[PDB]
């Protein structure tokens, strides 16, 4: 799997779903593969469950360019305390996408690209060993798709 393409697909899908983006680019139309489709579908279920249990996610994100990376890392580090699992990985994608959505909402569109990079960085440096040890994204697709 290309991590960069997975992040771009899911965030793009979410930005389109929330009405911020339309037309060409990652996230447009059906996912290119079963992995993307599985992540989209479970991510949708996740965000719905989150909102019902707590409240809308993208509206507890208070975003500024100078604090965004710190806050992204703090939330992610808490999310993964005790170790990753597939459900927490879905949480991570939903959170990153919600941070992007809230950035557009608050007229800070350039943060979208930065947050995607931070996601890729975090995935490749914190989560990559666990993902590979657990059968890779193919395993996720089998369990969740």
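Positions refer to the first chain, counted from 1.
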Handout entry: Entry-level comparison of average CA B-factors, 92-100 and 35-43, reporting the higher stretch
Key = 35-43
Practice task
Would you determine, from the values in the PDB entry, which of 61-69 and 78-86 has the greater average C-alpha temperature factor?
Solution key: 61-69
Practice task
Sorting the chain's modelled residues by C-alpha B-factor, tell me whether residue 131 ends up in the lowest, middle or highest third.
Solution key: middle
Fill in the blank from the handout: Chain-relative C-alpha B factor for residue 11 (record values, thirds): the lowest
Exercise for the section: Could you tell me which third, lowest, middle or highest, the C-alpha B-factor of residue 108 occupies within its chain? Expected result: highest
Fill in the blank from the handout: Temperature factor at the Cα of residue 118, chain-ranked in thirds, falls in the lowest
